[PDB]
């Protein structure tokens, strides 16, 4: 029986918001079965809880932001990427401020902190959302699709009109029943361009943004002295973002995601269109993990 997982132990990190550049304390706690993942603004009296679910996404400009009233939890995509990759159904995430800390710009630190604490299998079937039908969303040249597939698999393609890809369109594709999220995707850092410094300045964005937590690019140059973690880092990071944004469904996907330049917006649109077309999906468990179309790392 594929069982639900929580954290074995509590996890504490410190960091800054990429967008707010604020110091934030982060705590992840176990939660009981069918809790799902709930963010908690503990710097407010009363404490303000936003379940990590598609309906709660409010802004998707340069991050996925959870909103309940005038209250946001900004930039959830990387942590939720990590928590999906390791298969966590149930957790309380406590933040002392509006934004998850960026750490190094990838999910590496999160997967490491989580696996150090270890996971706890809980005595209840894990619910899975299976794609039964193709589901597609477009807006101009951006496109995002769910396709039935016995497994979980994430394709992504983007053309940047940017010198730094030395001409080439970035593409990649990963079967997570074949390949490790931890080795191949988790270490892929977020990234930004100096040609956007004005606009970002004019939106009060990327205030915590530096070489220390992001691949920074000035025309022909990635400024990061030590370069990249993979030749295809940028596109592997878009796959990390998609895994996080997708996990706001509140259950794991049996299916294939195909992204063509899709951002946080179009990812979230795809979730909504999907939830809405109940013909296109069903919830399933597996009484025998030995015949499931996906598996997970030992807890």
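We call the rigid core whatever largest set of C-alpha positions still superposes within 1.5 Å between the two forms. Residue numbers count along the first chain shown, from 1.
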Please work out whether 184 to 192 or 202 to 210 has the higher root mean square C-alpha deviation in 4 other deposited structures of this protein relative to the shown form, with the rigid core as fitting region? 202 to 210
Superposing the other structures by the rigid core, the farther-displaced stretch by RMS over CA atoms in 4 other deposited structures of this protein, of 215 to 223 and 80 to 88, is 215 to 223
147 to 155 set against 196 to 204, stretch whose average Cα temperature factor tops the other in the entry: 196 to 204
The stretch carrying the higher mean Cα B factor in the deposited entry, 68 to 76 or 175 to 183, is 175 to 183
Tell me, lowest, middle or highest third: where does the Cα B factor of residue 167 rank within its chain? highest
Comparing residue 58 with the other modelled residues of its chain, is its CA B-factor in the lowest, middle or highest third? middle
In terms of the CA temperature factor given in the entry, to which third of its chain does residue 32 belong: lowest, middle or highest? lowest
Mind checking which third residue 189 falls in for C-alpha B-factor across the chain? middle
Where does residue 255 sit by CA temperature factor within its chain: lowest, middle or highest third? lowest
